[PDB]
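Reviewing the structure listed below.
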Amino acid sequence: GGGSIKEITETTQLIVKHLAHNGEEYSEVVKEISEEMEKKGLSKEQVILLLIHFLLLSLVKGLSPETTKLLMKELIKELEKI
């Protein structure tokens, strides 16, 4: 439901640090993206969904950390409208 998402965030950072040559640059994106999700009041379930969405953009689709950050920011905005 709600609460802190730092545990979910730190796990995602560690996941992407391990599976990407530029994992550190992705981890910083996870940090900035997670703080925006907790700012926008998104639920834990939305955070996990979006963090897994970030993992698939970065690690599966091969999108740069800057690209994924832009897409995650636009997805967070779309979520707060609903």
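Cβ atoms come from the backbone with ideal geometry, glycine included; neighbour counts cover every protein chain shown. Rule-based calculations on the coordinates, nothing more; no lab input.
Miscellaneous remarks
- Projecting the Cα atoms of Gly2, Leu49, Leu14 onto the charge dipole of region 1-65, computed from C-beta unit charges around the Cα centre, puts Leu49 farthest toward the positive end.
- Region 1-58-region 63-81 distance, computed between alpha-carbon centres (Å): 12 Å
- Counting only alpha carbon atoms, the long axis of helix 44-55 and the longest principal axis of the chain meet at about 20°.
- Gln46 versus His18: modelled label distance in nm, points set 7 Å from Cα along the beta carbon direction: 2.9 nm
- Summing Cβ point charges (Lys, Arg +1; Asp, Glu -1) relative to the Cα centre of the chain gives a dipole of roughly 160 debye.
- For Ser27, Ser34, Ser64, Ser58, the sequence from fewest to most other C-beta atoms within 10 Å is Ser64, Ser27, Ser34, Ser58.
- If you plug the beta carbon distance of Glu38 and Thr11 into 1/(1 + (r/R0)^6) with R0 = 22 Å, you get a FRET efficiency near 0.90.
- With respect to the chain, whose longest principal axis is taken over its alpha-carbon atoms, helix 65-81 is tilted by about 10°.
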